[PDB]
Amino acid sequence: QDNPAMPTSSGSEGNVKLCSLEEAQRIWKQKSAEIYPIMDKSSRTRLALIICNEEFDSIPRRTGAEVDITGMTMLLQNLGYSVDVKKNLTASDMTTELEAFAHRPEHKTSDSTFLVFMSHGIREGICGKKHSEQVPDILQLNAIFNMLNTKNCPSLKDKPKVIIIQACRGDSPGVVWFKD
């Protein structure tokens, strides 16, 4: 006795549109042998990590970063993940947190993970809170992959690991002119 014009956004999934049982069964019946398996909703322990730097020792404050933390935390919870939020870390601190994250026993009873990094960035990688041109504090994307791979995170073997990065990758505007 619900009204389709009044969408329910009041559940744990919030504003994320739901996958109906019919659509879920349709998605599987098309290419089951080529979809990542999902664990029982009642017992799985999905985890996600958000690392976000807003305050820096030598570079400008990333005003609006709290809005990004809010949106990504709520989205990841809406998708069924328990979210850890770590803020204002050096690249060394990020490495320690990522290593701790890979060591979490919940991954053994999880089907996937999301890692979200949001900071200042340069071509080389993501800025840690102590970054300066003089003494760099950079976490490279290669290090993130290494810490979460089949060897360093065996609990996530054969499970999708989605990495989201919000950070400049240099100083260019990324455009060229053309005759319209």
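Take the two forms, find the largest set of C-alpha atoms that superpose within 1.5 Å, and that set is the rigid core. All residue numbers are counted from 1 along the displayed sequence.
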Of 133-141 and 24-32, which departs more from this form in 6 other deposited structures of this protein by CA RMS after core fitting: 24-32
Per the entry, higher mean C-alpha B factor between 33-41 and 131-139: 131-139
Mean temperature factor over C-alpha atoms, higher-scoring stretch between 66-74 and 51-59: 51-59
From 118, 27, 115, 153, residue of greatest CA B-factor: 27
Options 162, 21, 167, 16 - largest CA temperature factor per the record: 21
Within-chain third of residue 110 by Cα B-factor, per the entry: lowest
Ranked C-alpha temperature factor of residue 174 among modelled chain residues, by third: lowest
CA B-factor ranking of residue 82, expressed as a third of its chain: lowest
